[PDB]
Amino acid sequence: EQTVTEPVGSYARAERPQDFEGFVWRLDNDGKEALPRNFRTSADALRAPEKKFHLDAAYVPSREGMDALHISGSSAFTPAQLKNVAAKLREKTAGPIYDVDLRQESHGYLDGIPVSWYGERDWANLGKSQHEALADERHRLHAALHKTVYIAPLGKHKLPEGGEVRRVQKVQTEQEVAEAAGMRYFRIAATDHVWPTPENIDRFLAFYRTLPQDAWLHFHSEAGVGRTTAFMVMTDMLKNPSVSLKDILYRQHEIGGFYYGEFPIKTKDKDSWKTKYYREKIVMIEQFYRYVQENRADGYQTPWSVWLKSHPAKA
């Protein structure tokens, strides 16, 4: 027919939340290193591209605007690691430093240990509104206080392996941990592995509009790869609209992020469900760039969700 059930950029809406409910408190960071994993800032030197993306290692992207961009990204962290990050970022700016938490999955800290309520594909909060996801999170964190919990790292086949059991004496939300490290906090509940929703992006752009000139944004997700890079890319496009799409994509990849341009996708058989979500992200990244280019001149009078509905992306 002519009516589409889920438009491009919303494929995840077709999945059934009940088939991915949370079943374990996953260890988000073992706390052994001084900093979170995949830590990088926009002032960093560009490195050779990762071979899996089949890029031109000889291409030198423009760094126009990177010194003033003021953003960084990383994986999840322990409280001590976030204090190290905050201290490092303070050496680069006198503006407010934001911990921009991009995780939809319920997470927090049990006795200072960074944990998340993990469901298959990390989709324990799939389908929930940001309100419902945050309510789940608060309820779960609180329920763990003075209770025995099993906290484990995921091993072979994304299933618990080893870990530890403890009776919890202290519970904190990431907001509390960010404030204790001297950072401002802003939450965007984005689903792991997929393109952020129009709701997620409209929320980010509204937040972006409120920032003072010297604000520094430290984005993070679980690994500091998929969601973190998507938002770092969006920020680079918004702040440096005259830079080419290719340069934005190459430079965000070359300072240590994911590469959001076209590349030959290949997954292990067990990860084949990811293929179309990668393809969806490549197309949406181009569509967001188009949104920025067509709406920056009038100051974004119309939001991303609205413009995308009248300018749908195509596979």
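We number the residues from 1 along the sequence you see.
Could you check the entry and say whether 281-289 or 49-57 has the higher mean CA B-factor?
According to the PDB entry, the answer is 49-57.
Which is higher in the entry, the mean Cα B factor of 149-157 or that of 130-138?
It is 149-157 that shows the higher mean C-alpha B-factor.
Of 173, 169, 75, 104, which one's C-alpha B factor is largest in the deposited record?
Result of the comparison over 173, 169, 75, 104: 169.
Which one of 189, 143, 230, 201 shows the biggest C-alpha B-factor in the PDB entry?
Within the set 189, 143, 230, 201, 143 shows the top C-alpha B-factor.
What third of its chain's C-alpha B-factors does residue 69 belong to: lowest, middle or highest?
Answer is lowest: the recorded C-alpha B-factor places it there.
Considering only modelled residues of the same chain, in which third does the CA B-factor of residue 225 rank: lowest, middle or highest?
Lowest third - that is where residue 225 ends up once the chain's C-alpha B-factors are sorted.
Lowest, middle or highest third: which one holds residue 254 when the chain's residues are ordered by CA B-factor from the entry?
It falls in the middle third of the chain.
C-alpha B factor of residue 90, ranked within the chain: lowest, middle or highest third?
Middle third.
Grab the CA temperature factor for residue 214 from the record and place it in the lowest, middle or highest third of its chain.
It falls in the middle third of the chain.
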